[PDB]
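Here is model_1.cif, consisting of mmCIF, N, CA and C atoms:
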```
data_query
#
loop_
_atom_site.label_atom_id
_atom_site.label_comp_id
_atom_site.auth_asym_id
_atom_site.auth_seq_id
_atom_site.Cartn_x
_atom_site.Cartn_y
_atom_site.Cartn_z
N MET A 1 0.85 -1.22 0.00
CA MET A 1 0.00 0.00 0.00
C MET A 1 0.89 1.27 0.00
N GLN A 2 0.26 2.47 0.13
CA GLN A 2 0.92 3.78 -0.11
C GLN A 2 2.18 4.02 0.75
N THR A 3 2.19 3.48 1.98
CA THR A 3 3.28 3.72 2.95
C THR A 3 3.19 2.74 4.15
N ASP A 4 4.09 2.90 5.13
CA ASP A 4 4.08 2.18 6.40
C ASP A 4 4.00 3.20 7.55
N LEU A 5 5.15 3.87 7.83
CA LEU A 5 5.29 4.88 8.90
C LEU A 5 6.34 5.93 8.52
N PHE A 6 6.30 7.07 9.22
CA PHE A 6 7.07 8.28 8.88
C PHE A 6 7.89 8.73 10.10
N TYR A 7 7.16 9.01 11.19
CA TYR A 7 7.70 9.63 12.40
C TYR A 7 8.39 8.61 13.34
N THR A 8 8.69 7.40 12.84
CA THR A 8 9.46 6.38 13.59
C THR A 8 10.89 6.89 13.91
N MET A 9 11.35 7.90 13.15
CA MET A 9 12.57 8.68 13.44
C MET A 9 12.42 9.50 14.76
N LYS A 10 11.34 10.30 14.84
CA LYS A 10 11.07 11.26 15.93
C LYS A 10 9.56 11.50 16.01
N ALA A 11 8.97 11.18 17.17
CA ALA A 11 7.52 11.22 17.39
C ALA A 11 7.24 11.41 18.88
N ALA A 12 7.57 10.38 19.67
CA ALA A 12 7.61 10.46 21.13
C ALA A 12 8.97 11.05 21.53
N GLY A 13 9.06 12.39 21.47
CA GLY A 13 10.31 13.13 21.71
C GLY A 13 10.95 13.60 20.42
N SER A 14 10.19 14.40 19.66
CA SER A 14 10.65 14.98 18.38
C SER A 14 11.68 16.11 18.60
N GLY A 15 11.46 16.93 19.65
CA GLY A 15 12.32 18.07 19.95
C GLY A 15 11.98 19.29 19.10
N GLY A 16 12.29 19.19 17.79
CA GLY A 16 12.00 20.25 16.82
C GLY A 16 13.01 20.24 15.68
N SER A 17 12.53 20.44 14.45
CA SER A 17 13.38 20.52 13.26
C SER A 17 12.72 21.47 12.24
N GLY A 18 13.55 22.27 11.55
CA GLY A 18 13.07 23.24 10.57
C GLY A 18 12.74 24.58 11.20
N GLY A 19 11.59 25.15 10.82
CA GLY A 19 11.17 26.48 11.29
C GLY A 19 11.77 27.62 10.46
N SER A 20 12.37 27.29 9.30
CA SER A 20 13.00 28.29 8.39
C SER A 20 13.11 27.73 6.95
N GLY A 21 13.53 28.61 6.01
CA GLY A 21 13.52 28.30 4.58
C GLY A 21 12.16 28.59 3.95
N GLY A 22 11.78 27.83 2.90
CA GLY A 22 10.43 27.91 2.31
C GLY A 22 9.39 27.22 3.19
N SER A 23 8.11 27.59 3.01
CA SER A 23 6.98 27.02 3.78
C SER A 23 6.54 25.66 3.19
N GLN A 24 7.46 24.68 3.25
CA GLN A 24 7.24 23.32 2.73
C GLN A 24 6.30 22.54 3.66
N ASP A 25 6.45 22.78 4.97
CA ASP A 25 5.76 22.03 6.02
C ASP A 25 4.30 22.48 6.14
N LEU A 26 3.49 21.64 6.78
CA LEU A 26 2.04 21.82 6.93
C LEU A 26 1.62 21.52 8.37
N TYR A 27 0.32 21.72 8.64
CA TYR A 27 -0.29 21.44 9.95
C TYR A 27 -1.60 20.67 9.77
N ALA A 28 -1.78 19.66 10.62
CA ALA A 28 -2.99 18.84 10.70
C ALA A 28 -3.31 18.57 12.16
N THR A 29 -4.48 17.99 12.41
CA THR A 29 -4.92 17.61 13.75
C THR A 29 -5.13 16.09 13.79
N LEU A 30 -4.45 15.40 14.72
CA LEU A 30 -4.56 13.95 14.86
C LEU A 30 -5.35 13.64 16.13
N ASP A 31 -6.56 13.11 15.95
CA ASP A 31 -7.46 12.74 17.05
C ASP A 31 -7.09 11.34 17.56
N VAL A 32 -6.75 11.23 18.85
CA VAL A 32 -6.30 9.98 19.48
C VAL A 32 -6.86 9.90 20.92
N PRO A 33 -7.51 8.78 21.34
CA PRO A 33 -7.91 8.59 22.75
C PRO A 33 -6.69 8.31 23.65
N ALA A 34 -6.89 8.50 24.97
CA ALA A 34 -5.84 8.34 25.99
C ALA A 34 -5.08 6.98 25.88
N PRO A 35 -5.77 5.76 25.90
CA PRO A 35 -5.04 4.46 25.92
C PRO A 35 -4.27 4.16 24.62
N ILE A 36 -4.79 4.62 23.45
CA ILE A 36 -4.08 4.47 22.14
C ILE A 36 -2.81 5.36 22.14
N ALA A 37 -2.87 6.50 22.84
CA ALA A 37 -1.71 7.40 22.99
C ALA A 37 -0.64 6.79 23.93
N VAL A 38 -1.10 6.15 25.03
CA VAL A 38 -0.22 5.55 26.07
C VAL A 38 0.57 4.35 25.51
N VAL A 39 -0.15 3.39 24.92
CA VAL A 39 0.46 2.15 24.39
C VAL A 39 1.10 2.40 23.01
N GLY A 40 0.47 3.31 22.23
CA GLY A 40 0.85 3.54 20.85
C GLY A 40 0.16 2.56 19.91
N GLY A 41 -1.16 2.79 19.68
CA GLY A 41 -1.96 1.97 18.75
C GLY A 41 -1.96 2.56 17.34
N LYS A 42 -3.16 2.78 16.75
CA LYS A 42 -3.32 3.42 15.42
C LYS A 42 -4.48 4.43 15.41
N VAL A 43 -4.36 5.39 14.47
CA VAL A 43 -5.37 6.44 14.18
C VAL A 43 -5.29 6.79 12.67
N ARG A 44 -6.26 7.57 12.17
CA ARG A 44 -6.28 8.03 10.77
C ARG A 44 -5.73 9.48 10.68
N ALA A 45 -4.63 9.65 9.93
CA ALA A 45 -4.03 10.97 9.65
C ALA A 45 -4.44 11.45 8.25
N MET A 46 -4.98 12.67 8.17
CA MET A 46 -5.48 13.26 6.91
C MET A 46 -4.40 14.15 6.29
N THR A 47 -4.02 13.83 5.03
CA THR A 47 -2.83 14.40 4.36
C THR A 47 -3.20 14.94 2.95
N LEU A 48 -2.18 15.41 2.20
CA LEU A 48 -2.36 15.88 0.80
C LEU A 48 -2.78 14.73 -0.15
N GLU A 49 -2.45 13.49 0.23
CA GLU A 49 -2.79 12.28 -0.55
C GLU A 49 -4.06 11.59 0.02
N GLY A 50 -4.71 12.24 1.01
CA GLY A 50 -5.92 11.70 1.65
C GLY A 50 -5.62 11.02 2.99
N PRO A 51 -6.42 10.00 3.42
CA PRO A 51 -6.22 9.34 4.74
C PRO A 51 -5.09 8.28 4.74
N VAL A 52 -4.44 8.12 5.90
CA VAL A 52 -3.40 7.08 6.12
C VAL A 52 -3.53 6.54 7.56
N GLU A 53 -3.55 5.19 7.70
CA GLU A 53 -3.56 4.55 9.03
C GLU A 53 -2.14 4.63 9.63
N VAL A 54 -1.95 5.57 10.56
CA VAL A 54 -0.63 5.88 11.12
C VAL A 54 -0.57 5.33 12.57
N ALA A 55 0.43 4.47 12.83
CA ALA A 55 0.62 3.83 14.14
C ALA A 55 1.26 4.80 15.14
N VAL A 56 0.44 5.22 16.13
CA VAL A 56 0.82 6.15 17.21
C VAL A 56 2.07 5.62 17.97
N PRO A 57 3.05 6.50 18.35
CA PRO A 57 4.20 6.08 19.20
C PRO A 57 3.76 5.81 20.67
N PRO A 58 4.54 5.03 21.48
CA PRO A 58 4.25 4.88 22.92
C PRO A 58 4.52 6.18 23.69
N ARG A 59 3.72 6.42 24.74
CA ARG A 59 3.89 7.54 25.69
C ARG A 59 3.70 8.90 24.97
N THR A 60 2.62 8.97 24.17
CA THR A 60 2.19 10.19 23.50
C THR A 60 1.28 10.99 24.44
N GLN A 61 1.62 12.26 24.68
CA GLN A 61 0.80 13.17 25.50
C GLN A 61 0.29 14.29 24.60
N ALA A 62 -0.88 14.85 24.97
CA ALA A 62 -1.58 15.88 24.19
C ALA A 62 -0.68 17.09 23.94
N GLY A 63 -0.41 17.37 22.66
CA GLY A 63 0.49 18.47 22.26
C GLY A 63 1.76 18.02 21.54
N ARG A 64 2.00 16.69 21.42
CA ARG A 64 3.12 16.16 20.61
C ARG A 64 2.94 16.54 19.12
N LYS A 65 4.09 16.81 18.46
CA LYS A 65 4.16 17.14 17.03
C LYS A 65 4.80 15.96 16.29
N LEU A 66 3.95 15.13 15.68
CA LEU A 66 4.40 14.01 14.84
C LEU A 66 4.72 14.55 13.43
N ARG A 67 5.63 13.90 12.70
CA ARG A 67 6.14 14.44 11.41
C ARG A 67 5.96 13.42 10.27
N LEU A 68 5.05 13.73 9.32
CA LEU A 68 4.77 12.87 8.15
C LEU A 68 5.51 13.39 6.90
N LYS A 69 6.52 12.63 6.45
CA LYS A 69 7.32 12.99 5.27
C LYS A 69 6.51 12.86 3.97
N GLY A 70 6.71 13.83 3.06
CA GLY A 70 6.05 13.85 1.74
C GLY A 70 4.60 14.30 1.76
N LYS A 71 4.08 14.58 2.96
CA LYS A 71 2.68 14.97 3.16
C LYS A 71 2.56 16.50 3.31
N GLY A 72 3.70 17.19 3.17
CA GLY A 72 3.76 18.62 2.89
C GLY A 72 4.23 18.86 1.45
N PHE A 73 4.40 20.12 1.06
CA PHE A 73 4.81 20.50 -0.31
C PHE A 73 6.35 20.46 -0.46
N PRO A 74 6.91 20.10 -1.66
CA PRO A 74 8.37 20.22 -1.93
C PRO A 74 8.88 21.67 -1.78
N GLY A 75 10.01 21.86 -1.06
CA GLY A 75 10.59 23.19 -0.84
C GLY A 75 12.07 23.14 -0.46
N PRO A 76 12.49 23.76 0.71
CA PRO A 76 13.92 23.89 1.14
C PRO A 76 14.66 22.54 1.27
N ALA A 77 13.98 21.55 1.88
CA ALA A 77 14.50 20.17 2.03
C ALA A 77 14.18 19.33 0.78
N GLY A 78 13.26 19.84 -0.06
CA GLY A 78 12.77 19.13 -1.25
C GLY A 78 11.53 18.31 -0.96
N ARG A 79 11.35 17.95 0.31
CA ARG A 79 10.18 17.22 0.82
C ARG A 79 9.60 17.96 2.03
N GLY A 80 8.38 18.54 1.88
CA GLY A 80 7.66 19.09 3.02
C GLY A 80 7.07 18.02 3.93
N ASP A 81 6.85 18.38 5.19
CA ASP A 81 6.42 17.44 6.24
C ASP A 81 5.14 17.96 6.91
N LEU A 82 4.26 17.05 7.30
CA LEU A 82 2.97 17.38 7.93
C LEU A 82 3.08 17.20 9.46
N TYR A 83 2.87 18.31 10.20
CA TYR A 83 2.97 18.34 11.67
C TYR A 83 1.59 17.99 12.26
N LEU A 84 1.50 16.81 12.87
CA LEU A 84 0.26 16.27 13.45
C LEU A 84 0.13 16.77 14.90
N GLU A 85 -0.94 17.53 15.17
CA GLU A 85 -1.29 18.02 16.50
C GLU A 85 -2.06 16.92 17.24
N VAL A 86 -1.37 16.14 18.10
CA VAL A 86 -2.03 15.01 18.80
C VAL A 86 -3.00 15.55 19.87
N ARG A 87 -4.23 15.03 19.82
CA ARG A 87 -5.35 15.49 20.66
C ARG A 87 -5.88 14.32 21.46
N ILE A 88 -5.46 14.23 22.73
CA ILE A 88 -5.89 13.16 23.63
C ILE A 88 -7.32 13.42 24.12
N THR A 89 -8.19 12.46 23.80
CA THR A 89 -9.62 12.48 24.11
C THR A 89 -10.01 11.09 24.70
#
```

Write the structure described by the file as structure tokens, please.
Amino acid sequence: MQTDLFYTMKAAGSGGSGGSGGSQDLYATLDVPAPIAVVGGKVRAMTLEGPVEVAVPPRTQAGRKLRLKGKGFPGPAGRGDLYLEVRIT
């Protein structure tokens, strides 16, 4: 299928990358319940290519910025990234 995973590099403890150059990167909202965030299950992430079943990292707390490669526009890095706003419900 279209992909597997993206933020397996940095998700639970991303720190921060970018914030300069062209506006390649994007913003989305990732809806996740408390136990799927704790264990790291799955949720649906909405991107430029439509929906993707993205496997949540372990020990995710509300406000983490997950990073989906190729789901932003090509620019400074050549590949824009989609910043997922994790929402614990």

Exercise for the section: Tell me, as a PyMOL selection string, which residues lie within 10 Å of stretch 62-68 of chain A, counting only C-alpha atoms; anything in the same chain fewer than 3 positions away does not count. Expected result: chain A and resi 5-17+25-34+37+45+47+54+56-57+71-72+80-89

Problem - Gap from atom CA of residue A:46 to atom CA of residue A:77 - Å, one decimal - result: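 Atom-to-atom, atom CA of residue A:46 to atom CA of residue A:77, that is 21.7 Å.
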
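You will find atom N of residue A:78 at 8.2 Å from atom N of residue A:24.
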
Practice task
Among the residues of chain A, find those DSSP assigns to alpha helix (DSSP H) from the backbone and print them as a ChimeraX atom specification.
Solution key: /A:34-39

Problem - d(atom N of residue A:21, atom C of residue A:48) in Å - result: 22.3 Å

Exercise for the section: Could you state which residues are captured by the PyMOL selection byres ((chain A and resi 40) around 7) in this file, as a PyMOL selection string? Expected result: chain A and resi 35-39+41-42+55-60

Keeping only N, CA and C atoms, write the selected residues as a PDB file, keeping the file's coordinate frame.
```pdb
ATOM      1  N   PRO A  35      -5.770   5.760  25.900  1.00  0.00           N
ATOM      2  CA  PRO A  35      -5.040   4.460  25.920  1.00  0.00           C
ATOM      3  C   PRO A  35      -4.270   4.160  24.620  1.00  0.00           C
ATOM      4  N   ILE A  36      -4.790   4.620  23.450  1.00  0.00           N
ATOM      5  CA  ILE A  36      -4.080   4.470  22.140  1.00  0.00           C
ATOM      6  C   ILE A  36      -2.810   5.360  22.140  1.00  0.00           C
ATOM      7  N   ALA A  37      -2.870   6.500  22.840  1.00  0.00           N
ATOM      8  CA  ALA A  37      -1.710   7.400  22.990  1.00  0.00           C
ATOM      9  C   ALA A  37      -0.640   6.790  23.930  1.00  0.00           C
ATOM     10  N   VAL A  38      -1.100   6.150  25.030  1.00  0.00           N
ATOM     11  CA  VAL A  38      -0.220   5.550  26.070  1.00  0.00           C
ATOM     12  C   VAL A  38       0.570   4.350  25.510  1.00  0.00           C
ATOM     13  N   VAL A  39      -0.150   3.390  24.920  1.00  0.00           N
ATOM     14  CA  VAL A  39       0.460   2.150  24.390  1.00  0.00           C
ATOM     15  C   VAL A  39       1.100   2.400  23.010  1.00  0.00           C
ATOM     16  N   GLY A  41      -1.160   2.790  19.680  1.00  0.00           N
ATOM     17  CA  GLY A  41      -1.960   1.970  18.750  1.00  0.00           C
ATOM     18  C   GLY A  41      -1.960   2.560  17.340  1.00  0.00           C
ATOM     19  N   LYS A  42      -3.160   2.780  16.750  1.00  0.00           N
ATOM     20  CA  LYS A  42      -3.320   3.420  15.420  1.00  0.00           C
ATOM     21  C   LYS A  42      -4.480   4.430  15.410  1.00  0.00           C
ATOM     22  N   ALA A  55       0.430   4.470  12.830  1.00  0.00           N
ATOM     23  CA  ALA A  55       0.620   3.830  14.140  1.00  0.00           C
ATOM     24  C   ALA A  55       1.260   4.800  15.140  1.00  0.00           C
ATOM     25  N   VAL A  56       0.440   5.220  16.130  1.00  0.00           N
ATOM     26  CA  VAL A  56       0.820   6.150  17.210  1.00  0.00           C
ATOM     27  C   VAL A  56       2.070   5.620  17.970  1.00  0.00           C
ATOM     28  N   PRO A  57       3.050   6.500  18.350  1.00  0.00           N
ATOM     29  CA  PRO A  57       4.200   6.080  19.200  1.00  0.00           C
ATOM     30  C   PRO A  57       3.760   5.810  20.670  1.00  0.00           C
ATOM     31  N   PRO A  58       4.540   5.030  21.480  1.00  0.00           N
ATOM     32  CA  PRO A  58       4.250   4.880  22.920  1.00  0.00           C
ATOM     33  C   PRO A  58       4.520   6.180  23.690  1.00  0.00           C
ATOM     34  N   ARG A  59       3.720   6.420  24.740  1.00  0.00           N
ATOM     35  CA  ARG A  59       3.890   7.540  25.690  1.00  0.00           C
ATOM     36  C   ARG A  59       3.700   8.900  24.970  1.00  0.00           C
ATOM     37  N   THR A  60       2.620   8.970  24.170  1.00  0.00           N
ATOM     38  CA  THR A  60       2.190  10.190  23.500  1.00  0.00           C
ATOM     39  C   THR A  60       1.280  10.990  24.440  1.00  0.00           C
TER      40      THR A  60
END
```

Exercise for the section: Write down as a ChimeraX atom specification the residues belonging to stretch 14-89 of chain A that are assigned strand (DSSP E) by DSSP computed on the backbone. Expected result: /A:26-32,42-47,50-55,65-69,81-88

Could you write out as lines of an AutoDock Vina configuration file the box around stretch 13-30 of chain A (axis-aligned, all atoms listed in the file, 8 Å on each side), with centre and edge lengths in Å to one decimal?
```
center_x = 4.1
center_y = 20.5
center_z = 12.0
size_x = 34.9
size_y = 32.2
size_z = 35.4
```

Practice task
Excluding residue A:23 and any residue of its chain fewer than 6 positions from it, enumerate the residues within 6.5 Å of it, using only N, CA and C atoms, and give them as a list in words.
Solution key: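 Residues near the query, excluding close chain neighbours: residues 73, 75 and 76 of chain A.
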
Problem - Nearest to residue A:49 by atom-to-atom distance, counting only N, CA and C atoms, from A:79, A:4, A:18, A:70 - result: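 Residue with the minimum atom-to-atom distance to residue A:49: A:70.
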
Repair of stretch 48-70 of chain A at the level of N, CA, C and O atoms, as a PDB file, in the coordinates of the input:
```pdb
ATOM      1  N   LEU A  48      -2.180  15.410   2.200  1.00  0.00           N
ATOM      2  CA  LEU A  48      -2.360  15.880   0.800  1.00  0.00           C
ATOM      3  C   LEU A  48      -2.780  14.730  -0.150  1.00  0.00           C
ATOM      4  O   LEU A  48      -3.387  14.980  -1.198  1.00  0.00           O
ATOM      5  N   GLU A  49      -2.450  13.490   0.230  1.00  0.00           N
ATOM      6  CA  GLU A  49      -2.790  12.280  -0.550  1.00  0.00           C
ATOM      7  C   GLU A  49      -4.060  11.590   0.020  1.00  0.00           C
ATOM      8  O   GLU A  49      -4.427  10.508  -0.435  1.00  0.00           O
ATOM      9  N   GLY A  50      -4.710  12.240   1.010  1.00  0.00           N
ATOM     10  CA  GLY A  50      -5.920  11.700   1.650  1.00  0.00           C
ATOM     11  C   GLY A  50      -5.620  11.020   2.990  1.00  0.00           C
ATOM     12  O   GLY A  50      -4.649  11.398   3.652  1.00  0.00           O
ATOM     13  N   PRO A  51      -6.420  10.000   3.420  1.00  0.00           N
ATOM     14  CA  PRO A  51      -6.220   9.340   4.740  1.00  0.00           C
ATOM     15  C   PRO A  51      -5.090   8.280   4.740  1.00  0.00           C
ATOM     16  O   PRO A  51      -4.821   7.637   3.728  1.00  0.00           O
ATOM     17  N   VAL A  52      -4.440   8.120   5.900  1.00  0.00           N
ATOM     18  CA  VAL A  52      -3.400   7.080   6.120  1.00  0.00           C
ATOM     19  C   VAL A  52      -3.530   6.540   7.560  1.00  0.00           C
ATOM     20  O   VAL A  52      -3.656   7.313   8.509  1.00  0.00           O
ATOM     21  N   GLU A  53      -3.550   5.190   7.700  1.00  0.00           N
ATOM     22  CA  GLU A  53      -3.560   4.550   9.030  1.00  0.00           C
ATOM     23  C   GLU A  53      -2.140   4.630   9.630  1.00  0.00           C
ATOM     24  O   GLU A  53      -1.251   3.864   9.250  1.00  0.00           O
ATOM     25  N   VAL A  54      -1.950   5.570  10.560  1.00  0.00           N
ATOM     26  CA  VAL A  54      -0.630   5.880  11.120  1.00  0.00           C
ATOM     27  C   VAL A  54      -0.570   5.330  12.570  1.00  0.00           C
ATOM     28  O   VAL A  54      -1.455   5.605  13.398  1.00  0.00           O
ATOM     29  N   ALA A  55       0.430   4.470  12.830  1.00  0.00           N
ATOM     30  CA  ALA A  55       0.620   3.830  14.140  1.00  0.00           C
ATOM     31  C   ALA A  55       1.260   4.800  15.140  1.00  0.00           C
ATOM     32  O   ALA A  55       2.431   5.164  14.993  1.00  0.00           O
ATOM     33  N   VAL A  56       0.440   5.220  16.130  1.00  0.00           N
ATOM     34  CA  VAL A  56       0.820   6.150  17.210  1.00  0.00           C
ATOM     35  C   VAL A  56       2.070   5.620  17.970  1.00  0.00           C
ATOM     36  O   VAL A  56       2.190   4.404  18.158  1.00  0.00           O
ATOM     37  N   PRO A  57       3.050   6.500  18.350  1.00  0.00           N
ATOM     38  CA  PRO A  57       4.200   6.080  19.200  1.00  0.00           C
ATOM     39  C   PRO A  57       3.760   5.810  20.670  1.00  0.00           C
ATOM     40  O   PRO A  57       2.691   6.281  21.083  1.00  0.00           O
ATOM     41  N   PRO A  58       4.540   5.030  21.480  1.00  0.00           N
ATOM     42  CA  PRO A  58       4.250   4.880  22.920  1.00  0.00           C
ATOM     43  C   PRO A  58       4.520   6.180  23.690  1.00  0.00           C
ATOM     44  O   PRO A  58       5.426   6.951  23.317  1.00  0.00           O
ATOM     45  N   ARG A  59       3.720   6.420  24.740  1.00  0.00           N
ATOM     46  CA  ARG A  59       3.890   7.540  25.690  1.00  0.00           C
ATOM     47  C   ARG A  59       3.700   8.900  24.970  1.00  0.00           C
ATOM     48  O   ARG A  59       4.509   9.828  25.106  1.00  0.00           O
ATOM     49  N   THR A  60       2.620   8.970  24.170  1.00  0.00           N
ATOM     50  CA  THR A  60       2.190  10.190  23.500  1.00  0.00           C
ATOM     51  C   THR A  60       1.280  10.990  24.440  1.00  0.00           C
ATOM     52  O   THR A  60       0.311  10.437  24.969  1.00  0.00           O
ATOM     53  N   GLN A  61       1.620  12.260  24.680  1.00  0.00           N
ATOM     54  CA  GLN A  61       0.800  13.170  25.500  1.00  0.00           C
ATOM     55  C   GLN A  61       0.290  14.290  24.600  1.00  0.00           C
ATOM     56  O   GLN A  61       0.932  14.627  23.596  1.00  0.00           O
ATOM     57  N   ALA A  62      -0.880  14.850  24.970  1.00  0.00           N
ATOM     58  CA  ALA A  62      -1.580  15.880  24.190  1.00  0.00           C
ATOM     59  C   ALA A  62      -0.680  17.090  23.940  1.00  0.00           C
ATOM     60  O   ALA A  62      -0.241  17.757  24.892  1.00  0.00           O
ATOM     61  N   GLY A  63      -0.410  17.370  22.660  1.00  0.00           N
ATOM     62  CA  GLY A  63       0.490  18.470  22.260  1.00  0.00           C
ATOM     63  C   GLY A  63       1.760  18.020  21.540  1.00  0.00           C
ATOM     64  O   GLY A  63       2.523  18.888  21.095  1.00  0.00           O
ATOM     65  N   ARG A  64       2.000  16.690  21.420  1.00  0.00           N
ATOM     66  CA  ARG A  64       3.120  16.160  20.610  1.00  0.00           C
ATOM     67  C   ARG A  64       2.940  16.540  19.120  1.00  0.00           C
ATOM     68  O   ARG A  64       1.815  16.582  18.603  1.00  0.00           O
ATOM     69  N   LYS A  65       4.090  16.810  18.460  1.00  0.00           N
ATOM     70  CA  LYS A  65       4.160  17.140  17.030  1.00  0.00           C
ATOM     71  C   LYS A  65       4.800  15.960  16.290  1.00  0.00           C
ATOM     72  O   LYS A  65       6.022  15.789  16.322  1.00  0.00           O
ATOM     73  N   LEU A  66       3.950  15.130  15.680  1.00  0.00           N
ATOM     74  CA  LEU A  66       4.400  14.010  14.840  1.00  0.00           C
ATOM     75  C   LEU A  66       4.720  14.550  13.430  1.00  0.00           C
ATOM     76  O   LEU A  66       4.138  15.554  13.017  1.00  0.00           O
ATOM     77  N   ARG A  67       5.630  13.900  12.700  1.00  0.00           N
ATOM     78  CA  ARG A  67       6.140  14.440  11.410  1.00  0.00           C
ATOM     79  C   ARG A  67       5.960  13.420  10.270  1.00  0.00           C
ATOM     80  O   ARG A  67       6.610  12.365  10.270  1.00  0.00           O
ATOM     81  N   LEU A  68       5.050  13.730   9.320  1.00  0.00           N
ATOM     82  CA  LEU A  68       4.770  12.870   8.150  1.00  0.00           C
ATOM     83  C   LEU A  68       5.510  13.390   6.900  1.00  0.00           C
ATOM     84  O   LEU A  68       5.158  14.433   6.357  1.00  0.00           O
ATOM     85  N   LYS A  69       6.520  12.630   6.450  1.00  0.00           N
ATOM     86  CA  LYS A  69       7.320  12.990   5.270  1.00  0.00           C
ATOM     87  C   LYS A  69       6.510  12.860   3.970  1.00  0.00           C
ATOM     88  O   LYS A  69       5.731  11.912   3.803  1.00  0.00           O
ATOM     89  N   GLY A  70       6.710  13.830   3.060  1.00  0.00           N
ATOM     90  CA  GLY A  70       6.050  13.850   1.740  1.00  0.00           C
ATOM     91  C   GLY A  70       4.600  14.300   1.760  1.00  0.00           C
ATOM     92  O   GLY A  70       3.966  14.400   0.707  1.00  0.00           O
TER      93      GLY A  70
END
```
